[PDB]
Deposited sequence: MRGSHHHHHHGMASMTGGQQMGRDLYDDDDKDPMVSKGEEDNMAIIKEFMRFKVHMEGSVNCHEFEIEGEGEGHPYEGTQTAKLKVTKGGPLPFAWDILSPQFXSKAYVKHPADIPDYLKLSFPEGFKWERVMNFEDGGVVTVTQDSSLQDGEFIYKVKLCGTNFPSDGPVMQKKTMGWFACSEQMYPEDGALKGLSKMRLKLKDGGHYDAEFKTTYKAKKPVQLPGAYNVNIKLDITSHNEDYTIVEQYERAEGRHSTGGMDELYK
């Protein structure tokens, strides 16, 4: 039997603060790791309703679910059962910064996600704190190994409610807990959607499709 089966569920716990508003999120998800597709259902358990845009949190809730061609080593799938950790910084065009620390493991046949998120310097009148965003554009992450780790860089774009867009640079470093084969440089195309939400975004459902491809 495989360790990463064709269908895999996950559980996620997020804690952090944005502009020093503390919160906690608990969620459950499921998907098909070799198809590159997944969904999640997130619940704000502390600090709700959030006084900021959900969209800055949605990309933190799953790289084991990336469809990889056979000739591109699936570094983060190979990291299991032990798993991997990743560190991310997001630099937004108006000075806002989000930092993310995450640990992924496999317990009782289910992925376990632990996330720590720290966001700061968002303008009180800006689109994040005023909840003026409407989801991410489809995007591509440029992946490359460096200093024994897998790194990703993406130019991300948030749609704004009244038109136009709001941009951010994503930098992430992924590290397996045990040494496994890193890939060469390649690209991952990502579609991240909010599929449902209640009025104050205390209950949110997400969908993500991610596929790796050669440069």
Task: In sequence order, the deposited-sequence ranges that have no modelled C-alpha atom - done: 1-42, 104, 259-267
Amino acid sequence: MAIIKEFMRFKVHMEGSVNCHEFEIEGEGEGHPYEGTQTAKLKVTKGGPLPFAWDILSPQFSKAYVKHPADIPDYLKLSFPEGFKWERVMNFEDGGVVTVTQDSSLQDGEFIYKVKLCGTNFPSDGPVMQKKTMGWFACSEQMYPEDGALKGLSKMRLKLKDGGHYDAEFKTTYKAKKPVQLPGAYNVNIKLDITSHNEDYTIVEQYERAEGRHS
From here on, numbers count along this sequence of modelled residues.
Open item on the list: Per the entry's Cα B factor values, which of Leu78, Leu117, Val97, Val128 stands out as the maximum?
Closed with: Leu78
Task: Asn91 by Cα B-factor - lowest, middle or highest third of the modelled chain - done: middle
- [ ] For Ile194, return the chain-relative third of its C-alpha B-factor as stated in the PDB record: lowest, middle or highest.
- [x] lowest
Open item on the list: Is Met134 in the lowest, middle or highest third of its chain when residues are ranked by C-alpha B-factor?
Closed with: highest
- [ ] Divide the modelled residues of the chain into thirds by Cα B-factor and specify which third, lowest, middle or highest, holds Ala176.
- [x] highest
- [ ] Sort the modelled residues of this chain by their C-alpha B factor and say whether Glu82 lands in the lowest, middle or highest third.
- [x] highest
